[PDB]
Amino acid sequence: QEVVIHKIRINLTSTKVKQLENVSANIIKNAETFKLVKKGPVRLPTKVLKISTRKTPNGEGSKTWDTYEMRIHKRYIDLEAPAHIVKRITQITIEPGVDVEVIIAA
Amino acid sequence: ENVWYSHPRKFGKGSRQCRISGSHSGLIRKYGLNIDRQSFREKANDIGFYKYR
Amino acid sequence: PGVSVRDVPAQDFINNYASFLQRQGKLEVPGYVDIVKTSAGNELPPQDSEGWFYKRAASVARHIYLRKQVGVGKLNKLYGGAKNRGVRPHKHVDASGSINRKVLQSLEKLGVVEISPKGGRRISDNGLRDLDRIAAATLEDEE
Amino acid sequence: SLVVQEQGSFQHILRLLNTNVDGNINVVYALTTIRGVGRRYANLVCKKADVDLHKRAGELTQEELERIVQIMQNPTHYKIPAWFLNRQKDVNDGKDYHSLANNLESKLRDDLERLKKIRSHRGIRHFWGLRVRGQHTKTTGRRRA
Amino acid sequence: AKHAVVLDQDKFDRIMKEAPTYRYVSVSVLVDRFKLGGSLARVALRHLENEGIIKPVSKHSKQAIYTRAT
Amino acid sequence: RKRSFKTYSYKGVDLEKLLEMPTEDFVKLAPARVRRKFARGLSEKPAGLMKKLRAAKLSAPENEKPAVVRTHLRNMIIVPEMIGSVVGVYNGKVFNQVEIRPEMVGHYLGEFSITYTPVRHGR
RNA sequence: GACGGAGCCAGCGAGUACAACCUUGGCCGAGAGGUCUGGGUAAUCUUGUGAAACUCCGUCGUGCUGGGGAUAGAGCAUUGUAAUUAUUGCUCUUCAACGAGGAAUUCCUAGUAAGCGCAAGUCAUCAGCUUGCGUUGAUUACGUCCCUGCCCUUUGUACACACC
Ligand SMILES: [Mg+2]
Ligand SMILES: [Mg+2]
Ligand SMILES: [Mg+2]
Ligand SMILES: [Mg+2]
């Protein structure tokens, strides 16, 4: 009918850690409910985006600096399923701030 | 509408022009921000950059 | 119990290899010897002149044996050092690539080094055997 | 393993091309005393000659010296690539040239004179007593020498 | 050049008669008693070392110390 | 008699050989920078100036110097095709005259103009 | 120590589709560089950034010497529409001042001082600068008001625009 098992990679990216974790948990729950071939929520090394600015606008004063850093959390999950099921899983369980991304197919 | 009104401005401090001010001075072009420094500092939390350490 | 290059004092092994090469005569010297810099950030050509390109070749071979896949740029990077830029701090400068390339070619001709998938160069079976023999010889000498 | 002796059969303290090329200094690193022959060039010349580099400049047979001299003035004759010379492609003739000893200085002077005549910026700078190569002198070099 | 390090034969001879039942036999040591140095002293030492007499204890680069056979 | 002082050249070619060569020969002959410049596709850097020079040459006081042409492209190459013709090179203030020898080979117009009045305190 | 080989180990990074980012691997070139091909929107490819200082064996052995590298002269490259008022990269040559720096005075107490690179920042191109990062890694206090600055207490004041 439709059920032919593919190779599905799902990417998750955010700045908020807790939200991301929640999303991951939700995904895992969904997987459990659908009980499919599963590879765990693989965590990629968090990416710290750095900026260095002189605190002054004008330049006069003791030369003081800023370290404005933005940390990126990137995590991926691997599933073997029909694509429709994956879509269904991912159409719900969306939280604002977390980017849900699907590779789909081998 | 003049015969010319432009000199080659593809690179250098002539090409890069800020999002907010339009300053050619102190421009942060890292990660493709193109925001001049002071302005960036003022609105850093809005971008998502924070001062942790 | 068995001998391989990985079990030998390195410098000695290299020397042995060089000697072997010299004995052979076979390699193909391109004729840049006694003219060239080795690294483009140097004050002098080799302090042996007659040879030591053999030595270089041997070293390269050893490196290849040690690793999986080796190229020209990588070799240059390995062999280059810090150029005295005058009244300015030192910087890493890659070695003379052409020389490296020539060496590689020579090796290939000999039947020591072999072009690999993905890119770069690996070792031939004959080459491996030769290396082993050299190692054995070195061991014997040590004994 | 053995020391090569010689009591004093090969006479030390020599002169080559006008000025002094002294003993106890190596075959290559005593040729540096000759203006125009630097280091690498000297080494190349030595190689061409076929001299032991474990040798003093104080020794050397006359034939070898002669050969070296020959190599010196005309290098395009020999197996020297000749694209590491003073006047390559040249100011006047269009030939590979490398002046030596008492000649290079003269040539330089001539060049300077020519520049002055032309009335280029470098010439003017030279006339003044200043830095040609854009090394801006708000400071640096304050003894006139 | 302030001499001491040249070539000669008398010097060599002297060196040769300065090895059995001896404590100090280095490059620096050699230099000290108005004799040869650099990469000549070592050679001289070897010339005696090849025919027994001097034994090597340390063989580092540009630093070597020697002791006679007991 | 065969030589007085020494006859003047680019990198071989004599005074008479130079004047009748156009630019390709010069390009072939020149130092590397000049060659590179020539390779890089020029448009109206020499196209009008050369024409002007030619025009000047056409009408002459005979065995002296043609009508003085004024240049703003103060960083232009002197090729042995504009030899002799007097040109005024810009500095910000006032154009400055250039007499062109068979020794101005591939040299710029800027090294001749000089944009500052030189220092006077104790040279 | 210098120079030659050879040995050969990092951590922060950064990186393009509307552009021209990072660029291995193959050939050409003493270099610089070309070139063809790629791989990478990246824990995936550059990159194990096989970075320097270092360690091993050799050549010079304390002489403005092979210490040191300034000015110079000429060529060959590269970026850009444009390099003279050398942009810079490389090649040969030139070899200047300086044998550890007076009156002064800065910084520092542990993975710190110092040595050494690398890295992003600006950047079309340019690092002797800068924020970071590792690598190698000490000496000496573990204290006191003598100096210097600050603070407080008690005092004096005709100052309170405050000892200018
Ligand atoms: Mg140094
Ligand atoms: Mg990596
Ligand atoms: Mg010198
Ligand atoms: Mg600049």
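Residues numbered from 1 in each chain as written, not as in the entry; some residues may be left out. Chains lettered and ligands numbered in written order. Part of a larger assembly, values for the part shown. Heavy atoms only, no water. Residues with missing side-chain atoms left out of burial classes, pairs and counts.

Looking at the pairing of strand 5 (residues 65-80) of chain A
Item 1. Where strand 1 (residues 8-14) of chain A meets strand 5 of chain A, 7 bridges bridge the pair, whose relative direction is antiparallel. Note that in strand 5 of chain A the partner of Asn11(A) across the bridge is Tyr76(A).
Item 2. Relative to strand 5 of chain A, strand 3 (residues 47-49) of chain A runs antiparallel, the two sharing 3 bridges. For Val48(A), the partnering residue across the bridge sits in strand 5 of chain A and is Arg71(A).
Item 3. Relative to strand 5 of chain A, strand 4 (residues 52-54) of chain A runs antiparallel, the two sharing 3 bridges. Following the sheet pairing, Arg54(A) is matched in strand 5 of chain A by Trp65(A).
Item 4. Judged from the 2 bridges that link them, strand 5 of chain A and strand 3 (residues 50-51) of chain B form a sheet pairing that is antiparallel. Each bridged residue has a counterpart across the sheet, and for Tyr68(A) the counterpart in strand 3 of chain B is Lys51(B). (Pairing = 2+ DSSP bridges. Helix = DSSP H or I, 4+ residues; strand = E, 2+ residues; numbered from the N terminus.)

Some points on the packing of helix 3 (residues 72-79) of chain C against helix 4 (residues 97-110) of chain C
All names here are of chain C.
Item 1. The geometry of helix 3 relative to helix 4 is characterised by a closest axis approach of 9 Å and an angle of 120° between their N-to-C directions. Looking at the two axes, helix 3 sits oblique to helix 4. The handedness of the crossing between helix 3 and helix 4 is right-handed. For the pair helix 3 and helix 4, the contacting residues are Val-72, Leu-75, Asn-76 and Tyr-79 in the first and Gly-97, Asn-100, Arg-101 and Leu-104 in the second. (Axes fitted to C-alpha atoms, helices over the stretch in contact; angles between N-to-C directions. Parallel < 35°, antiparallel > 145°, perpendicular 65-115°, else oblique. Left-handed = near helix turned anticlockwise from the far one by under 90°. Contact = heavy atoms within 4.5 Å.)

As for the arrangement of the chains
Item 1. For the 4 pairs of chains in contact, the largest share of contacts goes to chains A and B.
Item 2. Chain C makes no contact with chain B, the minimum C-alpha separation between the two being 25 Å.
Item 3. Separating chain B from chain D is a minimum C-alpha gap of 22 Å, and the two share no contact.

A few points about the side chain of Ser116(C)
All names here are of chain C.
Item 1. Tracing the sequence through the fold places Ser-116 in the loop between strand 3 (113-115) and strand 4 (121-123).
Item 2. With a relative accessible area of 12%, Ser-116 lands in the buried category.
Item 3. Residues in contact with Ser-116, not counting those within four places in the same chain, are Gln-69, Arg-121 and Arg-122. (Buried < 20%, exposed > 50% of the residue type's maximum accessible area, 1.4 Å probe, protein only.)

Side note on the protein's contact with RNA strand G
Item 1. Taken together, 124 residues surround RNA strand G, and among them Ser52(A), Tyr31(B), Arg67(C), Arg101(C) and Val132(D) come closest.
Item 2. Within the side chain of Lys74(A), a nitrogen or oxygen atom sits 2.8 Å from a phosphate oxygen of RNA strand G.
Item 3. Between RNA strand G and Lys74(C), the relevant distance is 3.0 Å, taken from a phosphate oxygen to a main-chain nitrogen or oxygen of the residue.
Item 4. With 6 residues, helix 3 of chain C is the largest single contributor of residues to the surface near RNA strand G.
Item 5. Its residues assigned to classes, the surface near RNA strand G shows 41 nonpolar, 41 polar and 42 charged. (Near = heavy atom within 4 Å. Polar contact = N/O pair within 3.5 Å; in protein donor to acceptor, adjacent residues only side chain to side chain. Nonpolar A, V, L, I, M, F, W, Y, C, P; charged D, E, K, R; others polar.)

So, the packing of aromatic side chains
Item 1. In this structure the tally under the stated criterion is 8 aromatic pairs over all chains.
Item 2. Ring centres of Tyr10(F) and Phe26(F) lie 6.1 Å apart, and the angle between their planes is 15°; on these two criteria the pair is classed as stacked. Linking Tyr10(F) in the segment before helix 1 (15-18) with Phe26(F) in helix 2 (residues 22-29), this pair joins segments that are 16 residues apart in sequence. Considered together, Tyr10(F) and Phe26(F) belong to a single accessibility category, that of buried residues.
Item 3. Site record: aromatic cluster; members linked through ring pairs are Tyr68(A), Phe40(B) and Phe49(B).
Item 4. Lying across the ring of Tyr76(A), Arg9(A) places its NZ or CZ 4.6 Å from the centre.
Item 5. Its end group placed over the ring of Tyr79(C), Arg56(C) keeps NZ or CZ at 4.3 Å from the ring centre. (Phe/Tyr/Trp six-rings, centres within 6.5 Å; stacked < 30°, edge-to-face > 60°. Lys NZ or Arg CZ within 6 Å of the ring centre and 35° of its normal.)

Some words on the environment of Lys68(C)
All names here are of chain C.
Item 1. If you trace the backbone, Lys-68 turns up in the loop between helix 2 (53-66) and helix 3.
Item 2. By relative accessible area, which is 71% here, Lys-68 ends up exposed.
Item 3. In the structure, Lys-68 is positioned 55 residues away from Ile-123 in sequence and 8.2 Å away in space, judged by C-alpha atoms.
Item 4. Aside from chain neighbours lying at most four places away, what touches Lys-68 is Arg-121 and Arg-122.

Observations regarding the interface of chain F and chain D
Item 1. Listed as interface residues are 16 residues of chain F and, on the opposing side, 17 residues of chain D.
Item 2. Classifying every residue of the side of chain F that touches chain D gives 7 nonpolar, 4 polar and 5 charged.

A word on the pattern of salt bridges
Item 1. Counted under the stated rule, the structure contains 21 salt bridges over all chains.
Item 2. Put simply, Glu21(A) and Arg75(A) hold a salt bridge, and the shortest N to O gap is 2.7 Å. In this pair, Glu21(A) is assigned in helix 1 (residues 17-34) and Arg75(A) in strand 5, connecting sequence segments 54 residues apart.
Item 3. Take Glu21(A): its relative accessible area is 30%, and that puts it in the partly exposed class.
Item 4. The salt bridge involving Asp22(D) is made with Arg15(D); its shortest N-O contact spans 2.8 Å. (Salt bridge = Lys/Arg side-chain N within 4 Å of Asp/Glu carboxyl O.)

Looking at the interface of chain A and chain B
Item 1. Contact residues are listed per partner, giving 16 residues for chain A and 16 residues for chain B.
Item 2. Of the roughly 1,500 Å² buried between chain A and chain B, counting both surfaces, carbon and sulfur atoms make up 58%.
Item 3. Ranking the residues of chain A by area buried against chain B places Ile51(A), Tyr68(A) and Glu69(A) at the top, with a combined share of 39%.
Item 4. At the surface where chain A touches chain B, the tally comes to 3 salt bridges.
Item 5. For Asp66(A), the salt bridge goes to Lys51(B), with nearest N and O atoms at 3.7 Å.
Item 6. Along the contact surface separating chain A from chain B lie 9 residue pairs in polar contact.
Item 7. When residues of the side of chain A that touches chain B are traced back to their parent elements, those giving at least two are strand 4 and strand 5 of chain A.
Item 8. Counting residues per element, the side of chain A that touches chain B draws most heavily on strand 5 of chain A, at 6 residues. (Buried area = accessible area lost by both parts, 1.4 Å probe.)

Some points on helix 4 of chain C
Residues and elements named next belong to chain C.
Item 1. Here helix 4 spans 20 Å end to end across 14 residues, near enough to the 20 Å set by a 1.5 Å rise per residue.
Item 2. In this structure, the buried residues of helix 4 make contact with helix 2, helix 3, strand 3 and strand 4.
Item 3. Among the residues trailing helix 4, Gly-111 stands out with phi positive, at a value near 110°. (Expected span 1.5 Å × (residues − 1).)

A short note on the UniProt feature "domain: Small ribosomal subunit protein uS10" (unreviewed entry) in chain A
Item 1. As recorded in UniProt, the feature "domain: Small ribosomal subunit protein uS10" (unreviewed entry) lies at residues 9-103 of chain A.
Item 2. Secondary structure within residues 9-103 of chain A divides into 28% helix and 41% strand; the distance between the first and last C-alpha atoms comes to 5 Å. (UniProt positions renumbered as here; feature names shortened; annotations may be inferred.)

Some remarks on the sheet that holds strand 1 (residues 69-71) of chain F
Residues and elements named next belong to chain F.
Item 1. Across the sheet, which stays open at both edges, the 3 strands sit in the order 1-2-3 with mixed pairing between neighbours. Unpaired on one side and paired on the other, strand 1 and strand 3 (96-98) mark the two borders of the sheet. Averaged over all pairs of adjacent strands, the angle between their axes in this sheet comes to 35°, without regard to strand direction.

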